[PDB]
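Chains as they are written, first to last, in the entry's author numbering: chain E, 11 to 304; chain G, 11 to 303; chain A, 11 to 303; chain B, 11 to 304; chain A', 11 to 303; chain G', 11 to 303. A prime marks a further copy of an entry chain. Some notes on the structure that comes next.
Number of protein chains: 6
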Amino acid sequence: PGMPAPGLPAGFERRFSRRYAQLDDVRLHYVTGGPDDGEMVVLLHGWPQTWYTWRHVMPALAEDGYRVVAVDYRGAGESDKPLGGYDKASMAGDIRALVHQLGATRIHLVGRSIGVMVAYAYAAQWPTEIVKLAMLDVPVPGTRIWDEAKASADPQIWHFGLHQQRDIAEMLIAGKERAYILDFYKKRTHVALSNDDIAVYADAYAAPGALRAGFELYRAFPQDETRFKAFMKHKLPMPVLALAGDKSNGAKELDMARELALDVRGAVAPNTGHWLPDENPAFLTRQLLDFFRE
Amino acid sequence: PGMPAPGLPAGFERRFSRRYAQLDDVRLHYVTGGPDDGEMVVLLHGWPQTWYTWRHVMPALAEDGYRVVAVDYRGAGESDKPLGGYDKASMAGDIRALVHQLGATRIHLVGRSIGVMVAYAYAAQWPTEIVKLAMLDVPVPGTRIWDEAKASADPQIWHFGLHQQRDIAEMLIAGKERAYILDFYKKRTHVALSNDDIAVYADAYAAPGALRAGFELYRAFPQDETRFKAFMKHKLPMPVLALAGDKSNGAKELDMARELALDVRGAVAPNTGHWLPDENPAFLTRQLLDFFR
Amino acid sequence: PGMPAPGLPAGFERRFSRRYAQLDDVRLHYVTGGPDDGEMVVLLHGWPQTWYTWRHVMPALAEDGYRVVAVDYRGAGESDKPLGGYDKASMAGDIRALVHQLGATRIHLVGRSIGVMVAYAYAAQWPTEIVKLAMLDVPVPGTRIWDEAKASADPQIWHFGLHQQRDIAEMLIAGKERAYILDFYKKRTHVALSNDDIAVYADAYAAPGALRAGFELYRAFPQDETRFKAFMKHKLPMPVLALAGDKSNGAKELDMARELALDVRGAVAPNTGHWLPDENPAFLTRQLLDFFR
Amino acid sequence: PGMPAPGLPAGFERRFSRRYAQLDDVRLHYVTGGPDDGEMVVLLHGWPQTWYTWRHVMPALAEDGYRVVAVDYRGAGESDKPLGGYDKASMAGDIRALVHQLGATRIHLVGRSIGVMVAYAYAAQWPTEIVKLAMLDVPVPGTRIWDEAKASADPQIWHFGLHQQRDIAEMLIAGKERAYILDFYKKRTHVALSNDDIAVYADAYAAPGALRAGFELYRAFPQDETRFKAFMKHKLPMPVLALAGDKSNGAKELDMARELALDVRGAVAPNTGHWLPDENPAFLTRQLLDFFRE
Amino acid sequence: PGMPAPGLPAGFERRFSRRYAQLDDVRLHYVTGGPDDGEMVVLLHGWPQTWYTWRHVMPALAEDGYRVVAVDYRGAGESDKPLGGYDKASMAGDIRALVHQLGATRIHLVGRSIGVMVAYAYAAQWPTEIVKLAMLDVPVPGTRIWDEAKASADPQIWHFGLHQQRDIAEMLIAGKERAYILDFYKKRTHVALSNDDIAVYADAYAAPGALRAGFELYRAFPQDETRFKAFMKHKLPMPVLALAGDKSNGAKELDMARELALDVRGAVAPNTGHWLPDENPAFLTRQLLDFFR
Amino acid sequence: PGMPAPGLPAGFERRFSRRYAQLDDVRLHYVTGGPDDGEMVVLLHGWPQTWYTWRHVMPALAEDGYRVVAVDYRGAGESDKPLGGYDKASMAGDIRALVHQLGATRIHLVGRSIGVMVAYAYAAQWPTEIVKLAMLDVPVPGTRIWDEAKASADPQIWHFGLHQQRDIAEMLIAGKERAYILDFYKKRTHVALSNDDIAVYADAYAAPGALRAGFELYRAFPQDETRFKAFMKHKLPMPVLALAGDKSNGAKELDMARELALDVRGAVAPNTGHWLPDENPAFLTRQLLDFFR
């Protein structure tokens with residue numbers, strides 16, 4: 011019992027930091043904490059999110075010794091918004107480059123929504139470099155669950171069409187990001203969240219270029235589908251964990267992951283909606299720790 | 011006494027929780043706190059309000075062991091905004107289905123403004139399920155006080171006309187929810203309230219569809235008048251308490267309740283306007299807790 | 011057969027002129043034509059209108075030798091927008107001062123909507139100076155037809171409440187005058203009108219102060235009610251004509267007028283809604299010419 | 011050759027009239043011309059259109075002795091915008107009540123977009139009352155052409171999702187009706203049209219309630235699918251003509267119609283996009299007169 | 011003598027047609043007239059322009075038997091606005107694909123501003139296919155005239171910096187296209203132009219995506235610089251004409267062209283600023299007809 | 011290390027004060043703290059900043075007994091926005107007149123961006139009055155580094171062109187100061203800063219006339235180039251310290267200072283971008299305090 015408590019968890023400010031990494035043309039923003047020599051855990055948000063969605067998971071990961079890296083991927087948050095490169099395979103290259111610049115070679119990888127597609131493209135292109143992979147909330151293109159949501163005309167993906175209308179989507183939503191994003195979020199949540207927390211996301215997507223860059227993730231879905239379907243001719247060898255809330259995709263995250271990897275295990279969060287990190291960070295943190303422990 | 015203190019009362023975060031209930035068509039948002047096994051007290055806000063109007067009534071209420079369920083009814087606050095179902099009788103059915111969901115099956119009902127019409131419609135359709143009922147601040151359709159406000163062209167119900175203009179009302183007020191709602195509120199209050207508290211209501215009604223959903227409550231008034239007139243031909247058997255501020259509807263809130271229910275008692279709040287839960291919670295809780303003994 | 015033809019009728023531009031009259035504080039705008047020596051016919055528009063509503067009536071009146079004066083009353087159109095003076099009795103004084111300044115003293119008087127209240131106040135205060143009075147479309151305050159629309163909560167006066175909200179009405183409608191007024195007009199019309207014609211009205215009410223000044227006509231209704239009830243203790247002695255469309259107030263214009271005058275005759279416009287000069291000017295000009303002859 | 015010529019054709023003003031029909035609670039606006047005693051031809055526009063889309067077709071129909079009735083259906087143009095009644099079967103009832111008020115019982119019926127769904131529901135519910143039916147540009151719900159566009163996630167129906175979002179669609183598009191509708195239109199045309207003509211439609215949809223009422227046609231699609239599938243158990247007996255542009259649906263209007271009626275004939279307009287009355291009224295006028303003489 | 015006459019020249023409407031060409035991903039809009047069998051002349055506008063800038067040149071070309079094709083290149087006017095492909099070499103590929111789709115393969119080519127960069131990239135990549143090339147008003151990247159404007163910080167390219175700011179440029183200029191573009195045009199003109207003509211351009215750049223697509227032409231300049239410097243290791247073999255107004259770049263169009271081609275001839279337009287087709291179409295058509303003959 | 015901490019440092023309220031100084035034309039706003047009798051340290055911000063950029067440098071500075079005077083120069087922050095005087099030399103004269111007002115007559119000067127041009131112009135015109143001088147972050151006009159940024163078309167000075175467009179820059183950015191300034195800032199930083207701190211700058215430049223006044227600083231650049239070139243023919247006699255972040259101008263801030271002054275020393279701040287007082291105050295104060303021994 012208790013009303014929603016907005017903001018970063020107590021003491022977060024003291025341990026975690028905001029940092030920037032210059033890559034070949036693109037600058038990525040990320041939040042990193044924990045011991046510098048520890049096993050690196052890279053966390054990838056989705057749409058419409060930033061690194062901030064991991065605010066309640068990052069402390070616990072770091073309190074078990076890991077080197078936490080929460081990335082604003084290309085086009086999101088405080089990261090640069092280049093013209094293109096929003097297909098998920100190339101965005102995985104951005105994350106790999108960041109990781110290499112931070113001195114690492116093998117990483118644990120957690121992604122949700124758009125971020126779990128980037129994470130999969132990371133594991134598919136450089137499988138030796140991903141020790142363990144955690145897949146949250148959303149199916150990846152190329153899977154059967156994905157093709158079904160599309161062929162059924164699933165009401166939950168009504169926005170795929172709109173987001174893929176270049177310039178039109180931006181013209182409609184500019185100036186109404188808070189109203190559009192708060193409604194998008196609340197229709198898919200089950201645990202009550204604080205408006206001040208969701209407004210952190212909405213305000214990021216109101217910054218110049220943030221709407222456009224976010225929508226280009228959706229505009230690359232056809233290219234991602236063709237690319238990911240080729241990726242799925244070699245199932246992943248590393249251990250994979252699949253999680254989703256019972257009031258949204260649930261079990262279908264584990265069904266989806268088993269089309270992509272040989273070593274799969276999964277759980278469904280009780281009384282939890284689409285935003286696992288926002289709604290049920292305790293369940294998520296534990297599952298990641300039990301999963302990341304040998 | 012001193013200046014208005016905005017926000018939830020101290021310690022409120024710790025004791026209450028926000029929850030959702032999925033019904034067939036609609037998902038309803040509600041706030042609860044206190045022991046689970048206790049007698050349930052259902053609170054129904056009005057226009058232009060949310061559950062937040064009971065912020066000073068719910069703590070004390072469930073410090074005495076009551077199960078407090080403060081509901082955003084269909085279309086308000088964080089609840090869904092469906093196409094229809096905005097007649098007050100069907101809205102009562104939504105509240106019953108949520109009550110049934112929570113495991114209860116008989117409760118104590120308190121309502122003001124639109125909520126008191128829902129609260130009455132609840133008691134009228136399922137008399138057995140309402141232990142008691144507290145009518146606050148506003149008369150219900152079908153009563154004489156309601157019909158006399160209409161015949162008087164009472165200055166206070168000036169907004170009935172505008173709110174009943176579909177699309178026109180939304181077009182005029184969209185983007186001006188704060189200015190419209192703060193003025194609507196301050197013109198009907200007597201105790202000075204904080205802008206920050208009124209802005210909580212205004213911001214909810216600025217949300218997508220919230221203007222339309224609230225205005226459809228007014229667009230259903232003719233249907234409610236016919237329906238409530240049928241309900242009042244069977245006077246309520248339960249004890250009923252009527253309260254209103256002396257600067258607004260005063261004692262005709264009591265007179266209105268006598269038209270509907272047999273076992274009625276009432277009081278008039280001193281130096282308080284239209285918004286009893288906001289203006290004088292102290293008088294109100296104290297009145298509620300005694301009534302609830 | 012035919013699509014609506016917007017604008018002034020052919021030849022209007024060469025026969026009529028826009029003019030201003032400076033009174034002691036207020037400058038009034040008016041359009042005039044016909045012989046300088048002819049019997050003067052004063053035409054008073056209402057809300058949301060200007061002199062332009064008489065555009066299809068004025069040529070025929072001028073061809074029959076009448077001196078046509080279509081006035082933008084205080085606060086409307088191109089006239090000044092003073093702070094006050096929007097009670098109808100004082101606005102009749104404005105029209106009388108302009109009439110005296112043009113060298114006339116006895117006049118034929120035609121009014122609709124707000125203008126028929128001004129026109130009645132003119133006739134009640136100076137009955138010897140009004141030769142004949144024609145009353146269109148809307149009842150005047152103080153009559154039982156007026157009180158009956160109010161007590162019934164007639165849907166067609168929903169806007170009384172909103173317009174009487176000082177500052178709120180202006181804030182809601184500023185910048186949306188075209189949408190608000192076009193909708194107001196079409197919901198009450200029966201003959202299809204051209205949007206370009208109604209926008210001439212809407213554009214006038216978008217000019218600085220025009221919204222405020224027009225709503226002050228509505229904010230003065232209680233004072234008009236008290237003032238007109240005293241006027242109605244003495245029925246009007248001059249001949250009176252009552253007209254309205256069969257699809258709007260119809261015969262109630264004649265019922266309303268018989269409480270106001272001893273010598274009343276009336277007719278109902280066929281296939282006509284609320285805007286007699288806009289919808290059926292052919293019927294209106296014929297009835298006026300026969301009445302004034 | 012020639013540049014686009016905007017507006018009504020010469021002489022239109024003296025030959026047609028704007029009229030209203032009061033139904034039991036809703037008022038409908040329509041434009042009518044031609045002989046009072048002639049065979050009635052009812053024309054039903056779609057989204058985002060009004061009667062004005064038939065401006066180049068109504069003169070030729072009326073000069074051949076037909077009584078033309080181009081209707082703004084419920085919620086569109088100058089018609090009333092009630093709360094409900096936006097399922098296509100009920101909207102056909104509105105059209106029938108207005109035809110009956112004009113003294114007619116037998117009509118030729120032409121529809122496109124949403125109007126062809128109303129026109130089909132008219133013929134399905136009162137088949138004896140429809141002499142001939144012409145179906146333009148768009149498939150109706152329940153057909154497999156309709157169901158295959160849905161299962162493909164066909165890019166040309168991207169807007170079905172957005173339009174079905176109550177309040178979100180109105181909030182995003184209010185104040186941008188011109189930019190939204192001009193783009194919607196030009197992306198589906200092949201013949202160059204004048205901006206002034208499309209703006210006539212866009213300005214109608216900027217009117218109070220016109221966006222909401224238009225989107226409720228789309229929010230009623232599930233109910234239309236159930237209702238229309240039942241309608242197609244009994245194929246239509248009257249002669250049916252199917253037309254579409256080769257650069258849009260083309261021959262699939264012809265396939266779609268053959269699932270609905272026994273006596274079907276069709277043609278495909280050359281070098282024509284989605285908006286047959288706007289783009290190639292010469293072809294359409296020729297096709298309708300030949301069909302109505304037959 | 012004469013005030014500026016806005017719009018298309020008389021008879022243009024009956025002689026030319028707007029058409030679309032679907033390429034493999036992009037649909038291009040273009041205006042064409044003259045004999046279907048004539049030698050094809052392709053005209054490429056720049057920023058902030060559309061095909062409409064050739065309105066006073068196309069009739070004379072068509073009367074002399076040329077097949078006129080005035081193209082809205084990728085991202086401009088009524089053409090599609092794809093995500094990328096705004097480097098000038100790829101945009102030349104778009105124009106070539108449209109030319110091949112119209113049944114032609116050898117063409118006369120005219121370009122100004124961005125279009126002269128596209129036109130040069132066309133000639134550099136497919137020199138056998140360009141019969142003659144006419145270069146107007148603006149230097150192309152890679153030349154010393156281009157580098158000299160950059161190193162000098164020429165005030166006339168102040169906008170390069172702003173247009174290369176992705177998302178920032180769009181946010182600043184969205185909704186103010188008319189003020190931004192009219193000012194840009196008049197500061198560089200010498201002959202007075204009609205505001206209605208320039209607004210045809212401004213209104214195009216206000217349509218969805220048009221601002222973004224046009225600025226991507228500027229954001230591709232570094233890539234164009236690298237690509238064109240490689241192209242300039244082989245001077246163009248076909249005849250080249252260089253033109254600019256005496257009040258703008260003047261003889262520097264001929265200096266720039268001589269770094270690009272072996273066979274170059276040039277002239278300077280009298281009493282002409284930056285917009286040769288808008289300001290002095292009479293001089294431009296004469297020079298083009300003599301060059302192509 | 012951890013997350014950015016927005017606002018003034020703890021205890022700041024207590025130790026510093028806001029004051030105004032009326033000069034002949036203009037009133038200047040400035041912040042001060044520390045002992046009155048101490049050596050005065052003058053701080054000059056740049057674009058787009060106010061005194062607030064020194065919030066982490068001024069405390070420590072005057073904990074060592076310095077007299078800290080952080081000035082909003084002519085046109086910035088809470089200072090007046092006159093018509094002219096935006097060449098950097100005259101702005102130095104304004105700073106001197108304020109220094110004279112405060113009773114001092116020789117001081118220590120620290121400046122960045124526009125302030126370092128003012129600070130240099132101060133030392134150039136009255137060499138005797140400046141004890142020492144710390145140049146931060148930006149090269150001054152007339153130097154080679156300045157001239158090479160112009161010839162390179164350095165991507166960082168993209169805004170010189172736009173800011174030099176009178177009325178155009180104000181029209182584009184008015185109402186978009188926060189989005190424009192936050193982006194301008196974050197693109198040039200390396201240490202992550204809080205939006206709340208950057209918004210303080212943005213809100214000042216949203217004030218009436220603040221956009222115009224700041225942009226006139228850029229519109230005077232050609233005049234400053236001529237004036238500073240004259241000043242640099244007499245190399246400065248005072249000790250000069252040059253600092254810049256390694257991710258921005260780095261060591262050419264030192265190279266730039268050697269062009270102007272004889273006794274120069276410098277350092278380059280590690281892992282810091284363009285905004286030394288904002289990004290690494292710690293390195294900066296420590297560097298300043300040592301230099302100031």
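Quick reminder that beta carbons are idealized off the backbone N, C-alpha and C, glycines included.
Own chain, CB closer than 6 Å to residue i, minus 5 neighbours either side, in chain order
i: residue 133 of chain G'; result: 140, 143 and 246
i: residue 291 of chain A'; result: 66 and 67
Interface partners of residue i on chain B, CB under 9 Å
i: residue 4 of chain G; result: The requested residue 4 of chain G is not part of the displayed model; chain G covers only 11 to 303.
i: residue 189 of chain A; result: 216, 217 and 218
Bridge-paired residues (DSSP) for residue i
i: residue 49 of chain G; result: G:76
i: residue 32 of chain E; result: E:37
Cut-off 8 Å between Cβ atoms - residues of its own chain near residue i, not counting five sequence neighbours on either side
i: residue 199 of chain B; result: 283, 284, 285, 288 and 289
The alpha helix (DSSP H) enclosing residue i, as first and last residue numbers
i: residue 109 of chain A'; result: 98-111
i: residue 233 of chain G; result: 231-241
i: residue 193 of chain E; result: 187-198
i: residue 346 of chain G'; result: Look at the range of chain G' in this structure, 11 to 303, and you will see that residue 346 of chain G' is not part of it.
i: residue 215 of chain G'; result: 205-215
N- and C-terminal bounds of the beta strand (DSSP E) containing residue i
i: residue 247 of chain G; result: 246-255
i: residue 37 of chain E; result: 37-43
i: residue 277 of chain A; result: 274-279
i: residue 119 of chain G'; result: 117-122
Amino acids of chain B, ordered along the chain, whose beta-carbon sits closer than 7 Å to that of residue i
i: residue 181 of chain G; result: 218
Beta-carbon neighbours of residue i, restricted to chain A and to distances below 7 Å
i: residue 27 of chain B; result: 11, 12 and 13
Contacting residues, own chain, Cβ-Cβ under 7 Å from residue i (five flanking each side not counted)
i: residue 156 of chain G; result: 149 and 150
i: residue 63 of chain B; result: 55, 287 and 288
Chain-ordered neighbours of residue i on chain B, where CB pairs are closer than 8 Å
i: residue 193 of chain A; result: 217 and 218
Q: Using a Cβ-Cβ cut-off of less than 8 Å, give me the residues of the segment 206-219 of chain B that come near chain G, in sequence order.
A: 218 and 219
Q: Pull out every residue of the segment 62-85 of chain G' whose Cβ sits closer than 9 Å to any Cβ of chain E, in chain order.
A: none
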